[PDB]
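Chemist: My questions all concern the structure below.
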Amino acid sequence: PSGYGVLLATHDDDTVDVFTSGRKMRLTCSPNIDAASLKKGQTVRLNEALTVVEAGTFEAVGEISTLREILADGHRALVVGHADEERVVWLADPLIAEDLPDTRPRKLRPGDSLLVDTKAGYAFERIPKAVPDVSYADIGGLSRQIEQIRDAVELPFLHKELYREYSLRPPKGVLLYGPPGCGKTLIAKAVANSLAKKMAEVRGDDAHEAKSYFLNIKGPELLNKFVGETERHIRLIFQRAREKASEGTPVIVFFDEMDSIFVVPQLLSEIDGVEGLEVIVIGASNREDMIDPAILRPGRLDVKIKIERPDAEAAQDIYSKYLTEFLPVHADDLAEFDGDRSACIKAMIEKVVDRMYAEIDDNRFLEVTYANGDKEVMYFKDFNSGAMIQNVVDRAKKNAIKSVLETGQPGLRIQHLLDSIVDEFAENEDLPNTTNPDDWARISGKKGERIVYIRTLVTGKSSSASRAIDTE
Amino acid sequence: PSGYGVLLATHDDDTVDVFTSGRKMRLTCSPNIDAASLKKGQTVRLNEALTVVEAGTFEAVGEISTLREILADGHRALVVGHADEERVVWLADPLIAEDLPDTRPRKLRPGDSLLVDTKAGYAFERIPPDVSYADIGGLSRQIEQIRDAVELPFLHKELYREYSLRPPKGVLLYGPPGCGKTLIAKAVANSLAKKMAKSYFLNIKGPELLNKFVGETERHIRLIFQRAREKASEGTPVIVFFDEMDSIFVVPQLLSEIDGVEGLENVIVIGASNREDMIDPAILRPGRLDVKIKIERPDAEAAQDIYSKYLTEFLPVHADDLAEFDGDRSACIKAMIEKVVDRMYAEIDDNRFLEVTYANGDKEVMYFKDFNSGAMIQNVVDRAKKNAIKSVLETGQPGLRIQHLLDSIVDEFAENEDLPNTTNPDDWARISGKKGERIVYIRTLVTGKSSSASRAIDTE
């Protein structure tokens, strides 16, 4: 029958201060044990004669207090508990151990949760709780976009030496803005994949690959708490970034829906912290007006690259991307083009593109009434997007499969594609959620007048109904 | 086996007041230990016979309470925890030691976090600039107005005294963005940091007003000012810069804290704000921010002065441009600088920026020459340097040429037309004032040759 205690201080005369069942009783050590090998904060054992009889491990359960500061002497730890109370506690041997390098054992920094025992004023241990394949070629209709992206991202990280010679710092951030339906995540993944490839560990190809270095977070996951509230994870994400920074395979911090973010101030400091580092920050937004210019000033997000709506040629490129030679193009289409699938898919694509982008009454999208009484008719060519093209391709695929199930003939046709186009056009007319206030801002800037009324124009041959739209 | 205790008081009959376990008492002292050298708060140890046999050190861990009042006799401190409760505790010998001057202990004052023992009632230990006026271009009047109010009183205290003129306490920097307006504050804090005829450097920003991190931000306003007065009792100057006051303008703590440092002229309080409309006039009243200094949009000559900084003779100016000026680097750079500045400030239709429609029906067309800024100049310089780097890469020859800057100018203008965050309501205030009519509609215009699109501007 023997009790336990916590070692406080080791003295040369074999006497050891032990905190046990009260305030700091000092006892004597048994000859069996060595007082030199004992550790501060290590749970010790006491017999009935109040003599330290054996050593042991450290206490594993107790109160959890986050570490605020290490303060003076490097050992005593300033921690705060649940009630915002401030306490100074020693750090046990495992915490102050110099064998911990940079979930896994590590040193202690502010924000970490330490297992503490307030009775002994000790901290014992830390309790941690807590890549793209797409390339530039896989994204169609964004040539000048990817050119600017390369000149702003790839060019500095390769030609740092020329940048230093001309005294030009590498841009720290890339701002991507434009209507939805295209880019945002796609471009953000493509640029990082192209980066990781370009070099590809310049050395022996027989030991070098495309490698993997990427990271994605989104603006919506700010108010989400679960494990921890909004403010805390903003340091951890950039610590994750700097972890791969020195490894020579940098990742990119990507902000999706950054317009929804703007509390602001910590992001400024955390972005400025990676200034002297080459990791890039990419921001994506579908509405640029409310975005604070503080983060757009030179030095944080220097290159602002607009992801505009696709035109006719961009639509042709995206349809080439979405309509590969592996798709079952119908024999009726193939026969007209001498069985040449390459010249049949391309002719199919140009047919559907001209059908969509032709200014016809069936392609009328919406009517804008301005503050001066002017009414301007908008067409589906002015509101095309990669998402709309993808939806048309998928719905034409579904139409082709449904036609297969009924007629027995495999293949996708101009009939299927045009039916998909008109069906998706009617679907947008009935539910036009693609548009954003930036589209109305651009329309108002082009017109020269304010926008006071918007209504959708329906062809009248589908179940879609005309519906008014409010900008505010 | 021996006990431990905390020394409370020393008595002449060798008995010592000692706090240990429960039932605190006073004990007879062993002849080995001397009662004269014993000090308050020192943790002593006692044998089973309840006799103090050794005088040890002070307790190094415990509760942390922020000091509130250093109180009169014996300096027994009134301290508070975060539970909003006040406690009166004794101060140990090291805290009341008179050997400390103003990771090392200095003279204690309210706001310091002290390591206290609640049950004992004893506190043992306390728990804790390279830019000049020359680098800034195009702000000669602003730097002069700054120095006349900040440096001039400090150097000529006696002449200010002779005219019964009080030195102004703080300055107010206001105007449209793009010039930064923090460089001016740093330049004055540095040029005044070298007098001795380093002195000082410190900064803090308004945006971290709602941010908390360590502790709550409610009393941070008093902490920053006590850190400011720390060296204010030394004789070296202080300049408390407050960037982005327009975000702050709760208010009253700053008003009281600026008044609390009024009587000590050794401290300056500088403020910056991109829009002066909502700044509380109480902080602009004489005595708090006496002189108000406006950082406005640079003109053509200010642009040339700024470009002289960004385009130095050490930059690789192309040999094609060098040969035009007989290899003269300085003359070539001066000529290319004035060329690009004249290009930006030309009233050609390609230098058009925005269209504003007024409430009276008039529409005014205004150019990029009215929205030049240090940020736009620097972005043009950086893009021209990138164009030069690209040239070297695809053509072989080195050098930055006038064509690179001109292309950078037009690209930056197109980028501004597409993305109009360089404009603030401060600009529209001056525009509507000079027009004489309210502004109802602002929209971007595009020359049509770029990928930029016209966008309606609605600012607030």
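Backbone-built Cβ (ideal geometry, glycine too); neighbour counts: all protein chains shown. Values in this text are rule-based calculations from the coordinates and carry no lab data.
Chemist: How do B:231-242, A:404-415 rank on mean C-beta neighbours within 10 Å, highest first?
Modeler: Per-residue Cβ counts within 10 Å, averaged per peptide and sorted highest first, yield B:231-242, A:404-415.
Chemist: Express as a percent, rounded to the nearest 5, the fraction of DSSP beta bridges in the protein assembly as shown (both residues included) that run antiparallel. Don't skip to the end; give the middle numbers.
Modeler: Values: 86 of 126 bridges.
Around 70 percent of the beta bridges assigned by DSSP in the protein assembly as shown are antiparallel ones.
Chemist: In whole Å, what is the distance between the alpha-carbon centres of segment B:333-382 and segment B:276-310?
Modeler: Each part's Cα centre sits 20 Å from the other's.
Chemist: List, in the order given, every pair from A:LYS218/A:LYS244; B:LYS339/B:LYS434; A:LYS40/A:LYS119; A:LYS375/A:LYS447 whose Cα-Cα distance in the structure shown is over 18 Å.
Modeler: Too far apart for the 18 Å limit: A:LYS218/A:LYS244; B:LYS339/B:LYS434.
Chemist: What list do you get for A:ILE454, B:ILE348, B:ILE389 if you sort them by fewest beta carbons within 10 Å?
Modeler: B:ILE348, A:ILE454, B:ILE389
Chemist: Could you give me the ³J(HN,Hα) list for segment A:376-385, computed from phi with Karplus coefficients 6.51, -1.76, 1.60 and θ = phi - 60°, whole Hz, x at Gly and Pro?
Modeler: For segment A:376-385, the Karplus-derived couplings read 10, 8, 9, 10, 5, 5, 7, 10, 6, 7 Hz, x marking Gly and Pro.
Chemist: Okay, moving on. How big is the charge dipole of segment B:322-385 about its Cα centre, in debye rounded to the nearest 20, if each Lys and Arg gets +1 on its Cβ and each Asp and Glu gets -1 on its Cβ?
Modeler: Numbers: 9 positive and 13 negative charges, 60 e Å.
Charge dipole of segment B:322-385: 280 debye, to the nearest 20.
Chemist: Next up: Rounded to the nearest 20 Debye, what is the dipole magnitude of segment A:45-143 about its Cα centre when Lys and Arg each give +1 and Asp and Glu each give -1 at the C-beta?
Modeler: Rounded to the nearest 20 debye, it is 80 debye.
Chemist: On to the next question. Work from the charge dipole of the protein assembly as shown (Cβ charges, +1 for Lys and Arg, -1 for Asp and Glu, about the Cα centre) and give the residue of A:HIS330, A:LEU366, A:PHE254 farthest towards its positive end.
Modeler: Of the listed residues, the answer is A:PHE254.
Chemist: Then there's this: Under the definition of partner shielding as Cβ atoms of other protein chains within 10 Å of a residue Cβ, what is the mean value for peptide A:268-276?
Modeler: 1
Chemist: While we're here: Taking the beta-carbon count within 10 Å as an exposure proxy, list A:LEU222, B:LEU165 from fewest neighbours to most. Let's see the in-between values first.
Modeler: Numbers: A:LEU222 17, B:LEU165 11.
By the 10 Å Cβ count, ascending, the order reads B:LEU165, A:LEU222.
Chemist: Quick check for me: using +1 on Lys/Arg Cβ and -1 on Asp/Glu Cβ, what's the dipole size of segment B:29-93 about its Cα centre, in debye to the nearest 20? Can you show the working numbers first?
Modeler: Numbers: 6 positive and 11 negative charges, 31 e Å.
That gives a dipole near 140 debye.
Chemist: Would you mind classifying segment A:146-217 by shape? Square roots of the alpha carbon gyration tensor eigenvalues, ordered a ≥ b ≥ c; an a/c under 1.5 is rounded, otherwise it is prolate if a/b is larger than b/c and oblate if not. Spell out each step's value before the answer.
Modeler: On the way: a/c = 2.63, a/b = 1.16, b/c = 2.27.
Here segment A:146-217 falls in the oblate category.
Chemist: Considering the options A:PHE425, A:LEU114, A:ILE305, tell which one lies farthest towards the positive end of the dipole of the protein assembly as shown, charges being +1 on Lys and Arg and -1 on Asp and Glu at the Cβ, about the Cα centre.
Modeler: Value computed over the given set: A:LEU114.
Chemist: Let me ask something else. Based on the Cβ-Cβ distance of A:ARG169 and A:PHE337, what FRET efficiency does E = 1/(1 + (r/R0)^6) give at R0 = 51 Å, to the nearest 0.05?
Modeler: For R0 = 51 Å, the calculated efficiency reads 0.45.
Chemist: Can I ask one more? Over the whole of A:440-452, what's the average partner chain Cβ count within 10 Å per residue? Rounded to a whole number, please.
Modeler: So the per-residue partner count for this stretch is 6.
Chemist: Okay, moving on. Only helical DSSP H runs with n ≥ 4 go in: add -39500 (n - 2.57) per run for chain B, normalise by residue count and round the 222 nm mean residue ellipticity to 500 deg cm²/dmol.
Modeler: Computed ellipticity for chain B at 222 nm equals -9500 deg cm²/dmol.
Chemist: Taking each pair of distinct Cα atoms in segment A:205-314 once, what is the resulting Kirkwood hydrodynamic radius in Å? Mind dumping the intermediate values first?
Modeler: Numbers: mean 1/r = 0.0633 Å⁻¹.
After inverting the mean inverse Cα-Cα distance, the result is 15.8 Å.
Chemist: For segment B:203-317, what is the number of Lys pairs with C-alpha distance below 28 angstrom, counting only pairs 8 or more positions apart or on separate chains?
Modeler: 8
Chemist: Between A:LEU50 and B:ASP102, what is the label-to-label distance in nm when each label sits 7 Å out along the Cα-to-Cβ direction?
Modeler: 5.0 nm
Chemist: Quickly work out the A:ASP361-to-B:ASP73 label distance, labels modelled 7 Å from Cα along the C-beta direction, and quote it in nm with one decimal.
Modeler: Taking the two extended label points, one gets 10.3 nm.
Chemist: What does DSSP give for chain A in terms of the percent of beta bridges that are antiparallel, rounded to the nearest 5?
Modeler: Roughly 65 percent of the DSSP beta bridges within chain A come out antiparallel.
Chemist: Follow-up question, since we're still on this one. Got a sec? How would A:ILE318, B:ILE333 order by Cβ neighbour count within 10 Å, fewest to most?
Modeler: On the way: A:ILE318 27, B:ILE333 21.
Ascending number of Cβ neighbours within 10 Å: B:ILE333, A:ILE318.
Chemist: Compute the Cα gyration tensor for segment B:237-384, then decide on rounded, prolate or oblate, letting a ≥ b ≥ c be the square roots of its eigenvalues: rounded whenever a/c is under 1.5, prolate when a/b is larger than b/c in the other cases, and oblate in all that remain.
Modeler: Here segment B:237-384 falls in the oblate category.
Chemist: Now, a different point. Of the listed peptides B:120-128, A:21-29, what is their order by residue-averaged count of other C-beta atoms within 10 Å, with the highest listed first? It would help to have the intermediate numbers written out before the result.
Modeler: Working: B:120-128: 21.3, A:21-29: 17.7.
So the peptides B:120-128, A:21-29, ranked by packing, come out B:120-128, A:21-29.
Chemist: Which residue, B:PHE241, B:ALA189, B:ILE293, has the largest displacement toward the positive end of the dipole of segment B:171-296 when charges sit on each Cβ (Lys, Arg +1; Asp, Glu -1)?
Modeler: Projecting each Cα onto the dipole axis, the largest value belongs to B:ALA189.
Chemist: Where a ≥ b ≥ c are the square roots of the eigenvalues of the C-alpha gyration tensor, would you call chain B rounded, which needs a/c under 1.5, or, failing that, prolate if a/b is larger than b/c, or oblate?
Modeler: Verdict is prolate for chain B.
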